[PDB]
file my_file.json (JSON, N, CA and C atoms)
[["chain", "number", "residue", "atom", "x", "y", "z"],
["A", 197, "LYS", "N", 0.84, -1.19, 0.00],
["A", 197, "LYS", "CA", 0.00, 0.00, 0.00],
["A", 197, "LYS", "C", 0.88, 1.24, 0.00],
["A", 198, "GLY", "N", 0.24, 2.39, 0.21],
["A", 198, "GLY", "CA", 0.95, 3.64, 0.32],
["A", 198, "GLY", "C", 0.96, 4.13, 1.75],
["A", 199, "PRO", "N", 2.05, 4.79, 2.15],
["A", 199, "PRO", "CA", 2.16, 5.24, 3.55],
["A", 199, "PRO", "C", 1.20, 6.34, 3.94],
["A", 200, "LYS", "N", 0.73, 7.16, 3.00],
["A", 200, "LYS", "CA", -0.28, 8.15, 3.35],
["A", 200, "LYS", "C", -1.67, 7.54, 3.45],
["A", 201, "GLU", "N", -1.87, 6.35, 2.88],
["A", 201, "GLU", "CA", -3.11, 5.62, 3.10],
["A", 201, "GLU", "C", -3.05, 4.83, 4.39],
["A", 202, "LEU", "N", -1.91, 4.18, 4.64],
["A", 202, "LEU", "CA", -1.73, 3.38, 5.85],
["A", 202, "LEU", "C", -1.73, 4.26, 7.10],
["A", 203, "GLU", "N", -1.31, 5.51, 6.97],
["A", 203, "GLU", "CA", -1.45, 6.47, 8.07],
["A", 203, "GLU", "C", -2.92, 6.77, 8.33],
["A", 204, "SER", "N", -3.75, 6.72, 7.29],
["A", 204, "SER", "CA", -5.17, 7.02, 7.46],
["A", 204, "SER", "C", -5.96, 5.76, 7.82],
["A", 205, "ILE", "N", -5.39, 4.58, 7.57],
["A", 205, "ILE", "CA", -6.01, 3.35, 8.03],
["A", 205, "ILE", "C", -5.70, 3.11, 9.50],
["A", 206, "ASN", "N", -4.44, 3.30, 9.89],
["A", 206, "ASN", "CA", -4.02, 2.98, 11.25],
["A", 206, "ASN", "C", -4.57, 3.98, 12.26],
["A", 207, "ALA", "N", -4.74, 5.24, 11.84],
["A", 207, "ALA", "CA", -5.28, 6.24, 12.76],
["A", 207, "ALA", "C", -6.80, 6.11, 12.87],
["A", 208, "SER", "N", -7.43, 5.52, 11.86],
["A", 208, "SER", "CA", -8.88, 5.32, 11.91],
["A", 208, "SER", "C", -9.23, 4.19, 12.88],
["A", 209, "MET", "N", -8.34, 3.21, 13.00],
["A", 209, "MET", "CA", -8.55, 2.13, 13.96],
["A", 209, "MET", "C", -8.34, 2.62, 15.39],
["A", 210, "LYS", "N", -7.38, 3.54, 15.57],
["A", 210, "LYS", "CA", -7.10, 4.07, 16.90],
["A", 210, "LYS", "C", -8.26, 4.92, 17.41],
["A", 211, "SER", "N", -8.95, 5.61, 16.51],
["A", 211, "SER", "CA", -10.13, 6.37, 16.91],
["A", 211, "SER", "C", -11.30, 5.44, 17.20],
["A", 212, "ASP", "N", -11.33, 4.28, 16.54],
["A", 212, "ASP", "CA", -12.43, 3.35, 16.71],
["A", 212, "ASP", "C", -12.30, 2.61, 18.04],
["A", 213, "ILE", "N", -11.07, 2.42, 18.51],
["A", 213, "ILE", "CA", -10.85, 1.86, 19.85],
["A", 213, "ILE", "C", -11.28, 2.87, 20.91],
["A", 214, "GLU", "N", -11.12, 4.16, 20.61],
["A", 214, "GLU", "CA", -11.58, 5.19, 21.54],
["A", 214, "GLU", "C", -13.10, 5.36, 21.48],
["A", 215, "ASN", "N", -13.75, 4.72, 20.52],
["A", 215, "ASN", "CA", -15.21, 4.81, 20.42],
["A", 215, "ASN", "C", -15.88, 3.60, 21.05],
["A", 216, "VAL", "N", -15.29, 2.41, 20.88],
["A", 216, "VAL", "CA", -15.96, 1.19, 21.33],
["A", 216, "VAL", "C", -15.70, 0.96, 22.82],
["A", 217, "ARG", "N", -14.52, 1.35, 23.30],
["A", 217, "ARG", "CA", -14.22, 1.29, 24.73],
["A", 217, "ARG", "C", -15.14, 2.21, 25.53],
["A", 218, "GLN", "N", -15.44, 3.39, 24.98],
["A", 218, "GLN", "CA", -16.32, 4.33, 25.65],
["A", 218, "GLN", "C", -17.76, 3.84, 25.64],
["A", 219, "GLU", "N", -18.18, 3.17, 24.57],
["A", 219, "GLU", "CA", -19.59, 2.84, 24.41],
["A", 219, "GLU", "C", -19.92, 1.50, 25.05],
["A", 220, "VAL", "N", -18.91, 0.66, 25.30],
["A", 220, "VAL", "CA", -19.13, -0.55, 26.08],
["A", 220, "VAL", "C", -19.44, -0.20, 27.53],
["A", 221, "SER", "N", -18.65, 0.71, 28.11],
["A", 221, "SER", "CA", -18.82, 1.03, 29.52],
["A", 221, "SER", "C", -20.05, 1.90, 29.77],
["A", 222, "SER", "N", -20.67, 2.41, 28.70],
["A", 222, "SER", "CA", -22.00, 2.99, 28.82],
["A", 222, "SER", "C", -23.04, 1.91, 29.05],
["A", 223, "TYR", "N", -22.84, 0.73, 28.45],
["A", 223, "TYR", "CA", -23.76, -0.38, 28.68],
["A", 223, "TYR", "C", -23.41, -1.12, 29.96],
["A", 224, "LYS", "N", -22.14, -1.06, 30.38],
["A", 224, "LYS", "CA", -21.74, -1.68, 31.63],
["A", 224, "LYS", "C", -22.28, -0.90, 32.83],
["A", 225, "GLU", "N", -22.57, 0.38, 32.63],
["A", 225, "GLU", "CA", -23.13, 1.19, 33.71],
["A", 225, "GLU", "C", -24.64, 1.00, 33.80],
["A", 226, "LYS", "N", -25.31, 0.95, 32.64],
["A", 226, "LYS", "CA", -26.77, 0.90, 32.63],
["A", 226, "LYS", "C", -27.29, -0.47, 33.02],
["A", 227, "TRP", "N", -26.44, -1.50, 32.90],
["A", 227, "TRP", "CA", -26.83, -2.84, 33.33],
["A", 227, "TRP", "C", -26.63, -2.99, 34.84],
["A", 228, "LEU", "N", -25.77, -2.15, 35.42],
["A", 228, "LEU", "CA", -25.69, -2.07, 36.87],
["A", 228, "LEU", "C", -26.71, -1.07, 37.40],
["A", 229, "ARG", "N", -27.10, -0.09, 36.57],
["A", 229, "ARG", "CA", -28.18, 0.82, 36.93],
["A", 229, "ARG", "C", -29.52, 0.09, 36.99],
["A", 230, "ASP", "N", -29.70, -0.90, 36.12],
["A", 230, "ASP", "CA", -30.87, -1.77, 36.20],
["A", 230, "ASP", "C", -30.76, -2.74, 37.37],
["A", 231, "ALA", "N", -29.55, -2.98, 37.87],
["A", 231, "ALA", "CA", -29.36, -3.99, 38.91],
["A", 231, "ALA", "C", -29.67, -3.45, 40.30],
["A", 232, "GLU", "N", -29.46, -2.15, 40.52],
["A", 232, "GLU", "CA", -29.68, -1.61, 41.86],
["A", 232, "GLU", "C", -31.16, -1.35, 42.13],
["A", 233, "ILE", "N", -31.98, -1.30, 41.08],
["A", 233, "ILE", "CA", -33.40, -1.02, 41.28],
["A", 233, "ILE", "C", -34.23, -2.29, 41.07],
["A", 234, "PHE", "N", -33.64, -3.34, 40.51],
["A", 234, "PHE", "CA", -34.36, -4.60, 40.36],
["A", 234, "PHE", "C", -34.49, -5.33, 41.69],
["A", 235, "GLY", "N", -33.57, -5.10, 42.61],
["A", 235, "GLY", "CA", -33.62, -5.74, 43.91],
["A", 235, "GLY", "C", -34.41, -4.97, 44.94],
["A", 236, "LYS", "N", -35.59, -4.46, 44.56],
["A", 236, "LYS", "CA", -36.48, -3.78, 45.48],
["A", 236, "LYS", "C", -37.67, -4.65, 45.86],
["A", 237, "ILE", "N", -38.06, -5.58, 45.00],
["A", 237, "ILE", "CA", -39.05, -6.60, 45.32],
["A", 237, "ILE", "C", -38.56, -8.00, 44.97],
["A", 238, "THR", "N", -37.63, -8.12, 44.01],
["A", 238, "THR", "CA", -37.23, -9.42, 43.47],
["A", 238, "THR", "C", -36.40, -10.20, 44.49],
["A", 239, "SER", "N", -35.55, -9.50, 45.25],
["A", 239, "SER", "CA", -34.81, -10.14, 46.33],
["A", 239, "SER", "C", -35.75, -10.60, 47.44],
["A", 240, "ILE", "N", -36.84, -9.86, 47.66],
["A", 240, "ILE", "CA", -37.89, -10.32, 48.56],
["A", 240, "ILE", "C", -38.72, -11.40, 47.88],
["A", 241, "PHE", "N", -38.92, -11.27, 46.56],
["A", 241, "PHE", "CA", -39.55, -12.34, 45.79],
["A", 241, "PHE", "C", -38.66, -13.57, 45.72],
["A", 242, "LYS", "N", -37.34, -13.38, 45.84],
["A", 242, "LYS", "CA", -36.42, -14.51, 45.94],
["A", 242, "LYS", "C", -36.66, -15.31, 47.22],
["A", 243, "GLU", "N", -37.02, -14.62, 48.30],
["A", 243, "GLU", "CA", -37.42, -15.31, 49.52],
["A", 243, "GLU", "C", -38.76, -16.02, 49.33],
["A", 244, "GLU", "N", -39.61, -15.46, 48.46],
["A", 244, "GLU", "CA", -40.82, -16.18, 48.08],
["A", 244, "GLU", "C", -40.53, -17.24, 47.03],
["A", 245, "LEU", "N", -39.36, -17.16, 46.39],
["A", 245, "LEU", "CA", -39.06, -18.08, 45.29],
["A", 245, "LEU", "C", -38.57, -19.42, 45.81],
["B", 106, "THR", "N", 32.16, 24.30, -35.90],
["B", 106, "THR", "CA", 31.70, 24.48, -34.53],
["B", 106, "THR", "C", 30.21, 24.80, -34.49],
["B", 107, "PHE", "N", 29.73, 25.68, -35.38],
["B", 107, "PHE", "CA", 28.29, 25.93, -35.48],
["B", 107, "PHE", "C", 27.52, 24.72, -35.97],
["B", 108, "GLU", "N", 28.14, 23.86, -36.76],
["B", 108, "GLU", "CA", 27.48, 22.64, -37.21],
["B", 108, "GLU", "C", 27.42, 21.58, -36.12],
["B", 109, "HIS", "N", 28.09, 21.80, -34.99],
["B", 109, "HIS", "CA", 28.01, 20.93, -33.83],
["B", 109, "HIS", "C", 27.10, 21.50, -32.76],
["B", 110, "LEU", "N", 27.06, 22.82, -32.61],
["B", 110, "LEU", "CA", 26.17, 23.49, -31.67],
["B", 110, "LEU", "C", 24.72, 23.45, -32.12],
["B", 111, "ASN", "N", 24.48, 23.41, -33.43],
["B", 111, "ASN", "CA", 23.12, 23.30, -33.95],
["B", 111, "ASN", "C", 22.54, 21.90, -33.80],
["B", 112, "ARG", "N", 23.39, 20.87, -33.82],
["B", 112, "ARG", "CA", 22.89, 19.51, -33.71],
["B", 112, "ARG", "C", 22.66, 19.11, -32.26],
["B", 113, "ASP", "N", 23.40, 19.71, -31.33],
["B", 113, "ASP", "CA", 23.25, 19.41, -29.92],
["B", 113, "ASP", "C", 22.19, 20.26, -29.24],
["B", 114, "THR", "N", 21.59, 21.22, -29.95],
["B", 114, "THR", "CA", 20.44, 21.90, -29.39],
["B", 114, "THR", "C", 19.14, 21.40, -30.01],
["B", 115, "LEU", "N", 19.23, 20.48, -30.97],
["B", 115, "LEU", "CA", 18.04, 19.76, -31.41],
["B", 115, "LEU", "C", 17.84, 18.47, -30.63],
["B", 116, "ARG", "N", 18.91, 17.88, -30.09],
["B", 116, "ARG", "CA", 18.69, 16.71, -29.25],
["B", 116, "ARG", "C", 18.42, 17.11, -27.81],
["B", 117, "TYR", "N", 18.63, 18.38, -27.47],
["B", 117, "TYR", "CA", 18.16, 18.88, -26.19],
["B", 117, "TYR", "C", 16.67, 19.17, -26.21],
["B", 118, "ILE", "N", 16.16, 19.69, -27.33],
["B", 118, "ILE", "CA", 14.72, 19.87, -27.53],
["B", 118, "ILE", "C", 14.00, 18.54, -27.62],
["B", 119, "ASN", "N", 14.62, 17.53, -28.21],
["B", 119, "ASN", "CA", 14.03, 16.22, -28.44],
["B", 119, "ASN", "C", 14.18, 15.31, -27.23],
["B", 120, "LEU", "N", 14.42, 15.87, -26.05],
["B", 120, "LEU", "CA", 14.71, 15.09, -24.85],
["B", 120, "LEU", "C", 13.91, 15.61, -23.67],
["B", 121, "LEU", "N", 13.34, 16.80, -23.80],
["B", 121, "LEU", "CA", 12.50, 17.38, -22.77],
["B", 121, "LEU", "C", 11.04, 16.99, -22.88],
["B", 122, "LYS", "N", 10.56, 16.65, -24.06],
["B", 122, "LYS", "CA", 9.16, 16.31, -24.24],
["B", 122, "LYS", "C", 8.93, 14.98, -24.93],
["B", 123, "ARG", "N", 9.75, 14.59, -25.90],
["B", 123, "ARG", "CA", 9.37, 13.51, -26.79],
["B", 123, "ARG", "C", 9.63, 12.14, -26.18],
["B", 124, "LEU", "N", 10.78, 11.95, -25.53],
["B", 124, "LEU", "CA", 11.06, 10.59, -25.07],
["B", 124, "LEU", "C", 11.04, 10.45, -23.55],
["B", 125, "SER", "N", 11.60, 11.43, -22.83],
["B", 125, "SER", "CA", 11.05, 12.01, -21.59],
["B", 125, "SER", "C", 10.46, 11.00, -20.60],
["B", 126, "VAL", "N", 11.34, 10.21, -19.98],
["B", 126, "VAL", "CA", 10.92, 9.20, -19.00],
["B", 126, "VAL", "C", 10.30, 9.88, -17.78],
["B", 127, "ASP", "N", 9.16, 9.35, -17.32],
["B", 127, "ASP", "CA", 8.46, 9.93, -16.19],
["B", 127, "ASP", "C", 8.09, 8.87, -15.14],
["B", 128, "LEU", "N", 7.46, 9.32, -14.06],
["B", 128, "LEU", "CA", 7.17, 8.53, -12.88],
["B", 128, "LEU", "C", 5.87, 7.75, -13.05],
["B", 129, "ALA", "N", 5.69, 6.72, -12.24],
["B", 129, "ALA", "CA", 4.47, 5.92, -12.22],
["B", 129, "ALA", "C", 3.69, 6.29, -10.97],
["B", 130, "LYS", "N", 2.40, 6.58, -11.14],
["B", 130, "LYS", "CA", 1.67, 7.29, -10.11],
["B", 130, "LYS", "C", 0.86, 6.35, -9.22],
["B", 131, "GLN", "N", 1.01, 6.53, -7.92],
["B", 131, "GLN", "CA", 0.18, 5.91, -6.89],
["B", 131, "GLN", "C", -0.76, 6.99, -6.38],
["B", 132, "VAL", "N", -2.05, 6.70, -6.34],
["B", 132, "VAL", "CA", -3.00, 7.73, -5.94],
["B", 132, "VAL", "C", -3.23, 7.66, -4.44],
["B", 133, "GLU", "N", -2.98, 8.78, -3.75],
["B", 133, "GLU", "CA", -3.25, 8.93, -2.33],
["B", 133, "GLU", "C", -4.26, 10.05, -2.18],
["B", 134, "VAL", "N", -5.28, 9.84, -1.34],
["B", 134, "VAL", "CA", -6.25, 10.87, -1.01],
["B", 134, "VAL", "C", -6.44, 10.89, 0.50],
["B", 135, "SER", "N", -6.87, 12.04, 1.02],
["B", 135, "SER", "CA", -7.04, 12.19, 2.46],
["B", 135, "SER", "C", -8.44, 12.68, 2.80],
["B", 136, "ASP", "N", -9.00, 13.59, 1.97],
["B", 136, "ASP", "CA", -10.34, 14.04, 2.27],
["B", 136, "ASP", "C", -11.38, 13.08, 1.70],
["B", 137, "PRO", "N", -12.47, 12.82, 2.43],
["B", 137, "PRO", "CA", -13.47, 11.87, 1.95],
["B", 137, "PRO", "C", -14.57, 12.49, 1.10],
["B", 138, "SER", "N", -14.41, 13.74, 0.67],
["B", 138, "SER", "CA", -15.44, 14.40, -0.11],
["B", 138, "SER", "C", -15.02, 14.68, -1.54],
["B", 139, "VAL", "N", -14.17, 13.84, -2.13],
["B", 139, "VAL", "CA", -13.66, 14.14, -3.47],
["B", 139, "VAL", "C", -14.42, 13.34, -4.54],
["B", 140, "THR", "N", -14.43, 12.00, -4.44],
["B", 140, "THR", "CA", -15.21, 11.00, -5.19],
["B", 140, "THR", "C", -14.93, 10.93, -6.69],
["B", 141, "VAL", "N", -14.25, 11.93, -7.25],
["B", 141, "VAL", "CA", -13.85, 11.96, -8.66],
["B", 141, "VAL", "C", -12.37, 12.30, -8.66],
["B", 142, "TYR", "N", -11.59, 11.67, -9.52],
["B", 142, "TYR", "CA", -10.17, 11.99, -9.58],
["B", 142, "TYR", "C", -9.69, 11.91, -11.01],
["B", 143, "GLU", "N", -9.34, 13.06, -11.57],
["B", 143, "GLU", "CA", -8.68, 13.14, -12.86],
["B", 143, "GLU", "C", -7.17, 12.99, -12.68],
["B", 144, "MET", "N", -6.56, 12.17, -13.52],
["B", 144, "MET", "CA", -5.15, 11.84, -13.38],
["B", 144, "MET", "C", -4.27, 12.78, -14.20],
["B", 145, "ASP", "N", -4.50, 14.08, -14.02],
["B", 145, "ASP", "CA", -3.66, 15.10, -14.62],
["B", 145, "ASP", "C", -2.99, 15.89, -13.52],
["B", 146, "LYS", "N", -3.71, 16.11, -12.42],
["B", 146, "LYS", "CA", -3.19, 16.94, -11.34],
["B", 146, "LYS", "C", -2.58, 16.09, -10.23],
["B", 147, "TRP", "N", -2.02, 14.94, -10.58],
["B", 147, "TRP", "CA", -1.24, 14.17, -9.62],
["B", 147, "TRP", "C", 0.17, 14.71, -9.63],
["B", 148, "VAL", "N", 0.60, 15.25, -8.49],
["B", 148, "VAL", "CA", 1.95, 15.78, -8.33],
["B", 148, "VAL", "C", 2.69, 14.87, -7.36],
["B", 149, "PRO", "N", 4.01, 14.76, -7.43],
["B", 149, "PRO", "CA", 4.71, 13.88, -6.49],
["B", 149, "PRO", "C", 4.80, 14.46, -5.09],
["B", 150, "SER", "N", 5.50, 13.75, -4.20],
["B", 150, "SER", "CA", 5.60, 14.15, -2.80],
["B", 150, "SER", "C", 6.43, 15.41, -2.65],
["B", 151, "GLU", "N", 6.35, 16.02, -1.47],
["B", 151, "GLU", "CA", 7.11, 17.24, -1.21],
["B", 151, "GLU", "C", 8.58, 16.91, -0.99],
["B", 152, "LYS", "N", 8.86, 15.70, -0.51],
["B", 152, "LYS", "CA", 10.24, 15.31, -0.25],
["B", 152, "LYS", "C", 10.92, 14.82, -1.52],
["B", 153, "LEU", "N", 10.14, 14.34, -2.48],
["B", 153, "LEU", "CA", 10.72, 13.89, -3.74],
["B", 153, "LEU", "C", 10.91, 15.04, -4.71],
["B", 154, "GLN", "N", 10.05, 16.06, -4.62],
["B", 154, "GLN", "CA", 10.18, 17.22, -5.50],
["B", 154, "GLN", "C", 11.42, 18.03, -5.15],
["B", 155, "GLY", "N", 11.80, 18.05, -3.87],
["B", 155, "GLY", "CA", 12.99, 18.78, -3.47],
["B", 155, "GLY", "C", 14.27, 18.05, -3.86],
["B", 156, "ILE", "N", 14.19, 16.74, -4.05],
["B", 156, "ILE", "CA", 15.37, 15.96, -4.42],
["B", 156, "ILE", "C", 15.57, 16.02, -5.93],
["B", 157, "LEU", "N", 14.48, 15.95, -6.69],
["B", 157, "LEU", "CA", 14.57, 15.90, -8.15],
["B", 157, "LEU", "C", 14.94, 17.26, -8.73]]
call {"tool": "encode", "arguments": {"input": "my_file.json", "output": "structure tokens"}}
result
Amino acid sequence: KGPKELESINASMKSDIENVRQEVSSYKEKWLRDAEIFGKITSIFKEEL
Amino acid sequence: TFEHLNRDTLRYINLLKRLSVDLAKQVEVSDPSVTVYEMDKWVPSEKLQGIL
């Protein structure tokens, strides 16, 4: 390939790692945000379970 | 002497345009809004132009 293209390929991957790492931990937070409010009756329902 | 100076300024003219070995072009682009490329305005690198 050409080095001015490979500079634009390699830097595009580095920006994509900065996008997917940020957007995974947005889902890692909201799945724990669902976890702190799910145990308001379900943990008591677990005693009924 | 004039019959030698006249013949060596015709092979200087016949060497700048007619046989004139040139470069083979690799196309590099950086902006994503071009989509059309005419192969007339391909210029070489800035580091190669200073050497040549």
call {"tool": "atom_distance", "arguments": {"input": "my_file.json", "atom1": "atom CA of residue 229 of chain A", "atom2": "atom CA of residue 213 of chain A"}}
result
24.4 Å
call {"tool": "atom_distance", "arguments": {"input": "my_file.json", "atom1": "atom CA of residue 134 of chain B", "atom2": "atom CA of residue 201 of chain A"}}
result
7.4 Å
call {"tool": "atom_distance", "arguments": {"input": "my_file.json", "atom1": "atom CA of residue 144 of chain B", "atom2": "atom CA of residue 130 of chain B"}}
result
8.8 Å
call {"tool": "closest_atom_pairs", "arguments": {"input": "my_file.json", "of": "chain A", "to": "chain B", "cutoff": "8 Å", "atoms": "only N, CA and C atoms", "output": "Markdown table"}}
result
| residue | atom | partner | partner_atom | distance |
| --- | --- | --- | --- | --- |
| A:198 | CA | B:133 | CA | 7.3 |
| A:200 | C | B:133 | CA | 6.2 |
| A:201 | N | B:133 | CA | 6.0 |
| A:204 | CA | B:135 | CA | 7.4 |
call {"tool": "select_by_dssp", "arguments": {"input": "my_file.json", "residues": "chain B", "states": "helix (DSSP H, G or I)", "output": "list in words"}}
result
residues 107, 108, 109, 110, 115, 116, 117, 118, 151, 152, 153 and 154 of chain B
